[PDB]
Protein chains: 2
Amino acid sequence: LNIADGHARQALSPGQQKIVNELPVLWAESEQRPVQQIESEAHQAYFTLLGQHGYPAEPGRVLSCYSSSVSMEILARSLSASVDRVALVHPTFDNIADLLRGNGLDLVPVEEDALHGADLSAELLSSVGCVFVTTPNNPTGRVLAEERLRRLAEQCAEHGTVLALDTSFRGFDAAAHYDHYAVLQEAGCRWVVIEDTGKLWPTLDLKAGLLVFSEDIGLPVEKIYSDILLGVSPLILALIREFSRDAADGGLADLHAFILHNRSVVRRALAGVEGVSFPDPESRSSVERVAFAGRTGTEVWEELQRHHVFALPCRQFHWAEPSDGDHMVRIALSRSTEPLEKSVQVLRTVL
Amino acid sequence: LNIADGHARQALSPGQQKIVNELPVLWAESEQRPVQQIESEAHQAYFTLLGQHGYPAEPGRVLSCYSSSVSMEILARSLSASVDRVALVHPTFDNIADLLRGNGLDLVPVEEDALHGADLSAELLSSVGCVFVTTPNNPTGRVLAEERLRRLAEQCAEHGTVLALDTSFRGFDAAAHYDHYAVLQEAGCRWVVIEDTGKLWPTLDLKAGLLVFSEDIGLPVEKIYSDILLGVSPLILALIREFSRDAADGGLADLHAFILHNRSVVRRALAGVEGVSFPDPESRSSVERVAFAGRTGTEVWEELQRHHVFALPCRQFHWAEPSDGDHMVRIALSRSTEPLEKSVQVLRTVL
Ligand SMILES: Cc1ncc(COP(=O)(O)O)c(/C=N/[C@H](CCCNC(=N)N)C(=O)O)c1O
Ligand SMILES: Cc1ncc(COP(=O)(O)O)c(/C=N/[C@H](CCCNC(=N)N)C(=O)O)c1O
């Protein structure tokens, strides 16, 4: 009863199973056509699916990577020559912090209330070479609103600061489907976006990170990318294209309704308990934070393990101040509903 | 007419076509069995296929990565924690150098004749924390013989040096099919090997790098691997498993015969031209160097392009002295014979 890893483990839909049934046809197509044609079609399907109409479609402005984390490694190393300090949203997915810090960058935490609620201080922006924002954020689900993205982008441009976005959870929240690329190109900061197909669908970790960057980024992303790969499998791009097309023809709506149901299953199952609260009431992400007073997320985690239920304590996400996450756990929602409901039912009895 | 990229673009055999036809069955399998089980089966079939029987089969000793270059990035960044200087075979695939140099390692080139023909000097082993050998080497095809691998491993153990091997081309040459792991364990040096499935078969870049290391490696490979990925798709591991089994069942002998045929087609078209010569007469790799007098490899490439034939100039492999490769191009042999044959007929008239 794994509710820890955020990737999708629910069954395929009928439309998605039909895609999988035609994998030999996609293989034939991948053998027959220029990879670039399929990649263009995959990018267009995925970006247009999620409202990113102004993405740069000239071949080579979007670099297909095996994963978001590969893209992130390329970005961190590309930053490390010219940047000492990154302002990083806190909490966020902890590997972002480990990848930046492992490549020699010093991190400055920016709390969410500060990031979403007001302009960043000039003193901060002038003291960092990059601002890095996960939107929708993991674990909180919080979406950087369009006006805030615009003001942040403008401020980064004013300060010569790179604006980097990790938009991996984009597909789950329509609030994140306004055209980010329009905003960034309009603002004219040096920017980079890491899109990710890998959390949306149960494609057995067949996915791509998509590293997108402004023409003036002034970082060696293209070169270091080239150092790591020539490209991703056309079969995976064809897969992405088809899953995006199925998503465009109602699949995406069905996925939102399914995550909403599982989020509901979780909140109904725990609402009467303690002492329990749900810090992110408006989140539509595929992961869910749960907070409780009295006990520690680590304790709760330890006890759930005894019952073969595996969630995540939240300490790891508060990468600058782990005690900040002492009283919360994270629960994965991209799960078949029956196994998910068993999981939180154990959680309820433990509490 | 692409004869540049090393990856395989020849037609599927009947038996490989049959594996592609079962991709939906392998998908359902991947959904239903623990990834670790499939991974162990994939590893066992690939290592055993190529004679690497003493590979450490305990889970977690073989780290499955999206590609050999991802494995290489992990190794490079791990080395930089405690190593300043790496001795690297020269020429070799230039990403190996660009990844090491880009993670902050200083490179000492070791020409192939030094590496294969004599012990490494005490002066050299006093100055480097790692020796890195690509075997079979790309682009030369040169195979590190068992006697030299043993002696190299003995010297690394004596000095405390890490011995690192890149064995992506292993499957093409039966001279590389003696058990490298037995040699490395016998010597007791710190060692790391990057195996790669992606050059052998036309799998549309569905592949894994396999990062294997001694228990005393004393480098943070497990931590850095974990920061970049959790694992590779079970569908890709299942495919590796099935392609390795088809190869054990005669595929591999047929592939050796196919590559030999195509090498003969190239040499048939060219060995009487000019001024033309073949630097690596004994190579059995899927890539082939051609030398010429008078003109430059870059200039041959430009003329080939005009006729829509894309080969590779060799400068980039001589990563410490590119002018060493000024008079050579590389030709990909993992190609359908007819396109390859058109390609060299064009290259013939050019020369
Ligand atoms: C905002 C964000 N950006 C990037 C990544 C990197 O994903 P990647 O592994 O490279 O495919 C994550 C990962 N989230 C983790 C899944 C861990 C990887 N899952 C997997 N099985 N491949 C989580 O939320 O549990 C993330 O939340
Ligand atoms: C000894 C060696 N170790 C690692 C690599 C990295 O392999 P990877 O691209 O990560 O799957 C190569 C690559 N050889 C290059 C292929 C270029 C990549 N092709 C692709 N389509 N992804 C060649 O010889 O042409 C190599 O020769």
Side-chain angles (χ1 to χ4, degrees), chain A residues 2-9 35 64-73 89 92-96 99 132-139 165-170 194-199 203-209 226-234 285-287 312 316-317 330 332 334, chain B residues 2-9 35 65-73 89 92-96 99 132-139 165-170 194-199 204-209 226-234 285-287 312 316-317 330 332 334:
Chain A
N2 188 296
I3 48 168
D5 173 55
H7 271 192
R9 294 191 193 189
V35 57
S64 300
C65 307
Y66 306 116
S67 76
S68 171
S69 293
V70 171
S71 302
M72 184 65 231
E73 176 74 6
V89 62
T92 199
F93 178 53
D94 59 295
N95 282 0
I96 293 167
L99 284 171
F132 187 111
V133 169
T134 317
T135 177
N137 195 16
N138 167 18
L165 306 178
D166 170 331
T167 59
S168 162
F169 287 79
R170 184 195 293 286
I194 299 177
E195 310 274 355
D196 185 16
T197 72
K199 301 180 182 67
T203 54
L204 305 169
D205 268 298
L206 301 172
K207 59 188 173 189
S226 288
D227 287 344
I228 292 177
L229 68 165
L230 284 194
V232 301
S233 171
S285 284
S286 61
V287 297
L312 288 180
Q316 65 178 81
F317 301 101
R330 198 190 80 171
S334 299
Chain B
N2 182 312
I3 48 167
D5 176 52
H7 282 167
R9 303 180 186 195
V35 59
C65 315
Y66 306 117
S67 72
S68 178
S69 305
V70 172
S71 306
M72 181 70 217
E73 172 73 1
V89 68
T92 195
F93 184 50
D94 59 323
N95 284 11
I96 294 165
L99 292 168
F132 192 114
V133 179
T134 307
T135 179
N137 200 11
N138 167 10
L165 313 179
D166 173 331
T167 58
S168 79
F169 279 87
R170 185 194 293 285
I194 300 172
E195 310 275 354
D196 175 32
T197 73
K199 283 41 173 225
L204 309 166
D205 265 305
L206 304 163
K207 61 189 171 180
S226 278
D227 290 341
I228 293 178
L229 74 165
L230 293 185
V232 303
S233 158
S285 279
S286 65
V287 305
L312 271 193
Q316 64 176 67
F317 300 104
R330 204 188 74 167
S334 293

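Below, all heavy atoms of this structure are taken into account, side chains as well, without hydrogens, waters or symmetry copies. Each chain gets a letter, A, B and so on, in the order the sequences are listed, and its residues count up from 1. Note that ligands are numbered from 1 as they come in the structure, with each ligand's atoms numbered from 1 the same way.
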Which pair of non-hydrogen atoms, one from [X] and one from [Y], has the smallest distance, and what is that distance?
X	Y	value
B:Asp166	B:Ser68	OD2-OG, 3.8 Å
B:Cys65	B:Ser71	SG-OG, 3.1 Å
A:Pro234	B:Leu204	CD-O, 3.6 Å

Ignoring hydrogens and geometry beyond distance, is a side-chain donor-acceptor pair present between B:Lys207 and B:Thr197 at under 3.5 Å? no
With hydrogens left out, which residues have an atom under 4.0 Å from ligand 1, given that only heavy atoms count? A:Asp5, A:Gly6, A:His7, A:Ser67, A:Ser68, A:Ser69, A:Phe93, A:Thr134, A:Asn138, A:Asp166, A:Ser168, A:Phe169, A:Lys199, A:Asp205, A:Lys207, A:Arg330, B:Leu230
Could you check A:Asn137 against A:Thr134 for side-chain contact (heavy atoms from CB on, under 4.5 Å), going step by step and ending with a plain yes or no? CA-CA 5 Å; A:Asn137 195 16; A:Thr134 317; 3.3 Å; yes
Under 3.5 Å, is there a donor-acceptor pair between the side chain of A:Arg330 and the main chain of A:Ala4? yes
